[PDB]
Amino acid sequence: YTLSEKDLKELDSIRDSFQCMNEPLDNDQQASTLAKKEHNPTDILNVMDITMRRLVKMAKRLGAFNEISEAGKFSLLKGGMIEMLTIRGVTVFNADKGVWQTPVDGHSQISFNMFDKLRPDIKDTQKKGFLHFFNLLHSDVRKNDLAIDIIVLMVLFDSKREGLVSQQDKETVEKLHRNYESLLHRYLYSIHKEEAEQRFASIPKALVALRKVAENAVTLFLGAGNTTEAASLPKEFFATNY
C-alpha cells in the first residue's frame, strides 16, 4: 500500500542527494573523454574520476553521512567506492548493446570490451563477475532510481569497512543501515506488491556478488600500459606500475 508522509519526506531527501549524479559536466576535457570514440585504460580511469568525485560530493551533502566522525567518513568512502561505482555501472549499462550509456551525456557510450585492455589473466573473470552482479539486479529494480539509490546507501554504510574502529561510528552506521534497508522494504511493497518480498529477499545475494566483483578489481590496471597521465584520484583505488 501507500507510503507514509514520513517515508515520502525521506525519499525526497534521498532524491535531492543523488540529483547531482545525472547532470551535465561543466567541464570540456571531461566531456571530451566521454564523447571519445575510443577508450583506452587511461581514458577509463579519467571517466571513473567523474563518477567518483560526484560520489564524494553526494556523500558530503548527506545528513546521515555527517553523523560519522572524520576518520569514519574516509573509511566508508575508501572502502565502498568501487562497490558504488559498480552499482552505478549496473544502472547505466545496456545488456544487449554491451555498452555503458551515461544520462549526463547523450550519444556517449563505453564499450564493455574495454576489459580486453586490462590485466590479461583477470579481465575474463571480471567481465563474467560484472554480468553476474548485473543479472542479479532484476530490471524493475535496476530501472528504479530511488530503489537503487537506497541500495547505494546500504553499501555505503557498511559497518564492517576497514577503519571503522569507533564504537560510535559502528553503532550509527549499523542503525543507518537498518533504516535504509527497511525503507527499501516498504518502498518495494508500495511500488509493486505483486512480488516485493522475493525481490527484497534477493538483493542481499546480489550485494554479496558486488563485494566479490569489486574486491578483485583493484589490480585490473596492472599490465594495462602507461597510465601516468590518468586522473590521480582513481589511482588511489587501482594499483599501477606507473
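All residue numbers refer to positions in the sequence shown, first residue = 1.
Engineer: Report the stretch with the higher mean CA temperature factor, choosing between 14 to 22 and 216 to 224 on the basis of the entry.
Structural biologist: Result of the comparison: 14 to 22.
Engineer: Output the stretch having the higher mean C-alpha B factor in the entry; the candidates are 28 to 36 and 197 to 205.
Structural biologist: Mean C-alpha B-factor is greater for 28 to 36.
Engineer: Which of these has the highest Cα B-factor in the record: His107, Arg119, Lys78, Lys170?
Structural biologist: Across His107, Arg119, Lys78, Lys170, the entry lists the biggest C-alpha B-factor for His107.
Engineer: Taking the chain's C-alpha temperature factors as the reference, tell me which third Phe133 falls into: lowest, middle or highest.
Structural biologist: It belongs to the middle third of the chain when residues are ordered by C-alpha B-factor.
Engineer: Based on the entry's values, in what third of the chain does the Cα temperature factor of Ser111 lie: lowest, middle or highest?
Structural biologist: For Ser111, whose C-alpha B-factor we compare with every modelled residue in the chain, the answer is the highest third.
Engineer: Would you mind ranking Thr86 by its C-alpha B-factor against the rest of the chain and naming the third, lowest, middle or highest?
Structural biologist: For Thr86, the deposited C-alpha B-factor lands in the lowest third.
Engineer: For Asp158, return the chain-relative third of its C-alpha B-factor as stated in the PDB record: lowest, middle or highest.
Structural biologist: Tercile = lowest for this residue's CA B-factor.
Engineer: Where does the C-alpha B-factor of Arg61 rank in its chain, lowest, middle or highest third?
Structural biologist: Answer is highest: the recorded C-alpha B-factor places it there.
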